[PDB]
Enquirer: 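Before we start, here is the structure in question, set down as structure tokens.
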Amino acid sequence: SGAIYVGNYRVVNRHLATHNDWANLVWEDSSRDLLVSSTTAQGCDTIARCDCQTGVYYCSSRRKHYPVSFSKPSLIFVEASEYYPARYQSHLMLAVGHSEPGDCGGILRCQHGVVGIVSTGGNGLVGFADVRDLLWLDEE
Ligand SMILES: COC[C@H](C)NC(=O)c1nn(C)c2ccccc12
Ligand SMILES: [Zn+2]
């Protein structure tokens, strides 16, 4: 589990969104595994606006933050899960790192801010849904 709280927005993995999230929807994209909802209180996270390929992510299955090198956001084939069939997921970045299904939502961050959240993984790999291209997350 995990969310990014920037301004009046809550960014969660679309497959983990609650009834309250759907009842206060701002934007969702199934192919990116992202959903954004509105919040009443202001968030303290800051979105990275950069082209970084190194950062640090939170792994709840180890209660540790790990330094990682990750690929550029792309269209990657992802195996079937309980939440999606086997399909291509867009805006996905891969890294070598420990992950388990419940690690979804952990933040990946660089020196510029929050880069994205854990979305995919398995066999010593961890994948992150990028949020750096979503410039609207900074205003209104
Ligand atoms: C976009 O896919 C949504 C689903 C719920 N995600 C996964 O299956 C999944 N996510 N992580 C971090 C894993 C690690 C190990 C095995 C599976 C996974
Ligand atoms: Zn950066």
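Counting begins at 1 with the first residue of the sequence. Every number for a ligand or one of its atoms is a count from 1 in the order of the listing.
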Enquirer: So that I know where these two stand, are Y9 and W136 an aromatic pair - ring centroids less than 6.0 Å apart?
Expert: yes

Enquirer: Among protein heavy atoms, which lies nearest atom 5 (C) of ligand 1, and at what distance?
Expert: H15 NE2, 3.3 Å

Enquirer: Find out if a path of hydrophobic residues (ILVMFWY) with successive side-chain heavy-atom gaps under 4.5 Å connects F128 to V131.
Expert: no

Enquirer: I need the atoms of ligand 1 closer than 4.0 Å to a non-hydrogen atom of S99, numbered in the order shown.
Expert: 12 (C), 14 (C), 15 (C)

Enquirer: Heavy-atom pairs closer than 4.0 Å: do any link ligand 1 to the side chain of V118, the backbone, both, or neither?
Expert: side chain

Enquirer: Test: ring pair (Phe, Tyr, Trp, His ring centres under 6.0 Å). Region: residues 85-113. Which pairs qualify, not counting sequence neighbours?
Expert: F77-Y88

Enquirer: Under a 4.0 angstrom heavy-atom cut-off, which atoms of ligand 1 come close to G122?
Expert: 14 (C), 15 (C)

Enquirer: Everything protein-side that's N, O or S and under 2.8 Å from the Zn ion (ligand 2): list it, residue and atom.
Expert: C50 SG, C52 SG, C110 SG, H112 ND1

Enquirer: Would you call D21-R14 a salt bridge at under 4.0 Å N-O?
Expert: no

Enquirer: Could you check whether any side-chain N or O of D130 sits under 3.5 Å from a backbone N or O of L92, counting only pairs where one atom can act as donor and the other as acceptor?
Expert: no

Enquirer: What pairs meet the salt bridge (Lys or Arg N to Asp or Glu O under 4.0 Å) rule with one or both residues in residues 37-60, with sequence neighbours excluded?
Expert: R49-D138

Enquirer: As an exercise, identify every atom of ligand 1 less than 4.0 angstrom from a heavy atom of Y83.
Expert: 5 (C)

Enquirer: Quick check on contacts: which atoms of ligand 1 are under 4.0 angstrom from a heavy atom of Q89?
Expert: 1 (C)

Enquirer: Is the side chain of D29 donor-acceptor paired with the backbone N or O of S31 at a distance under 3.5 Å, no angle test?
Expert: yes

Enquirer: Do the side chain of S99 and the main chain of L125 share a donor and acceptor less than 3.5 angstrom apart?
Expert: yes

Enquirer: Check the angle between the aromatic planes of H15 and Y84 and answer parallel, tilted or perpendicular using the 30° and 60° thresholds.
Expert: perpendicular

Enquirer: Suppose I only count heavy atoms of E100 and a 4.0 Å limit; which atoms of ligand 1 are within that range?
Expert: 11 (N), 12 (C), 13 (C), 14 (C), 15 (C)

Enquirer: List the residues meeting salt bridge (charged side-chain N to carboxylate O under 4.0 Å, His left out) with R109, not counting sequence neighbours, and say none if there are none.
Expert: none

Enquirer: Considering only the protein, which heavy-atom contact is closest to atom 18 (C) of ligand 1, and what is its distance?
Expert: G121 O, 3.6 Å

Enquirer: Any non-hydrogen atom of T120 lying under 4.0 Å from ligand 1?
Expert: yes

Enquirer: Provide, to 0.1 Å, the distance between atom 6 (N) of ligand 1 and the closest protein heavy atom, together with that atom's residue and name.
Expert: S119 O, 3.2 Å

Enquirer: Distance-only, no hydrogens or angles: does the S61 side chain make a donor-acceptor pair with backbone N or O of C59 under 3.5 Å?
Expert: no

Enquirer: Under 4.0 Å from a heavy atom of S81: which atoms of ligand 1 are those, numbered in the order shown and with their elements?
Expert: 3 (C), 4 (C), 8 (O)

